[PDB]
Every structure is written in structure tokens, then in C-alpha cells.
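Working notes for the structure below.
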Amino acid sequence: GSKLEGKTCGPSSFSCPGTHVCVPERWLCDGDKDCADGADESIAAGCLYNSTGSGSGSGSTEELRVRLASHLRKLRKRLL
Ligand SMILES: [Ca+2]
């Protein structure tokens, strides 16, 4: 979609609405509309707020779904 260099949709992931592409759950509330319409950061993906709070909002739960994946999705792809 946007900054997606070929991710997966198996584990904690989210299918970028409108595009066959699938953005990881960690990318959701990462703070950057990776999807075509920021669906990844939007609530449609499960950000529990969409934008509001950048990388959080409702509470720890928001980071619980994102952070938990920050050790693989973002800490294991093909950039570093
Ligand atoms: Ca993203």
C-alpha cells in the first residue's frame, strides 16, 4: 500500500481495506497510514480510536495489541 514492502497477514495482521495488501497489527497504531485510507491506523483495523492518540488512546490495551507485535512485525521484516 504505502510503506508496505511485502508484509504478511498470518499472525497479528490486518487486511488493508480496499487493497489486497495486508498490514500487520503492529503497524496499525504505529502512527502512519500504511493502508490506502489509513485503515491500518483507523478503527476499522482495531486501533480503538483511529489517529487520536497517535500510538495510543483508549489505554494500555491499545499498545497491548500493537506493542506485543513490535518485536516481530516491525522488529522483523526486511529493512534493518
Ligand atoms: Ca502503519
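Indices start at 1 and increase along the chain as displayed.
The header says solution NMR.
Each residue, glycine too, has its Cβ placed from N, Cα and C.
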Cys35 - recorded disulfide partner, Swiss-Prot, among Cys9, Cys16:
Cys16
On the DSSP side of things, how many residues of the linker (1-4) fall into helix, strand and coil, could you say?
0 helix, 0 strand, 4 coil
Positions whose Cβ lies under 8 angstroms from the domain 'LDL-receptor class A 17' (7-49), at least six residues beyond its ends:
1, 55-58, 61-63, 65-70, 72-74, 77
